[PDB]
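J.: here's a sequence, model it:
(one chain, ligands or ions: 1)
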Amino acid sequence: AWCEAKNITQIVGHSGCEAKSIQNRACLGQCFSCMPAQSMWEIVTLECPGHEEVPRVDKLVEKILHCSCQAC
Ligand SMILES: *[C@@H]1O[C@H](CO)[C@@H](O)[C@H](O)[C@H]1NC(C)=O
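T.: Residues are numbered from 1 along each chain as shown. Below you will find the coordinate block:
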């Protein structure tokens, strides 16, 4: 059995705003299920051009740090 958090790129988007891409991790493994074992949170600011009154939004994003073989 093995399970690893692997670096990925991921899209952070929101209706009416410009999507950004950030580093995150994804679980990859074979458990003889590979799920997040440690995580944290980040604030990602998206620019929303066109919208003068709310020109940006902060989206809260969970960052996976480590993964492990866990029940279900
Ligand atoms: C995965 O991402 C972190 C974040 O910067 C980086 O420091 C680390 O070296 C990366 N791991 C690999 C295997 O590239």
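J.: next, the buried residues of stretch 31-47.
T.: For stretch 31-47, burial by neighbour count (16 or more other CB atoms under 10 Å) applies to 34, 36, 44, 46. C-beta: built from backbone N, CA, C; applies to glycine.
J.: with respect to residue 17, which of these is nearest?
T.: Nearest to residue 17 among the buried residues of stretch 31-47: residue 46, at 4.1 Å, using CB to CB.
J.: name all residues that make contact with that closest one.
T.: By CB atoms under 8 Å, 6 or more residues apart in numbering, the residues touching residue 46 are 12-14, 17-20, 56-59.
J.: with residue 44 instead?
T.: 12, 20, 22, 58-61.
J.: thought residue 62 was touching residue 38?
T.: No. Taking contacts as CB atoms under 8 Å, residue 62 lies outside contact range of residue 38: 11.0 Å.
J.: ok, residue 34 to residue 3 distance?
T.: Residue 34 sits 4 Å away from residue 3 when distances are taken as CB to CB, to the nearest Å.
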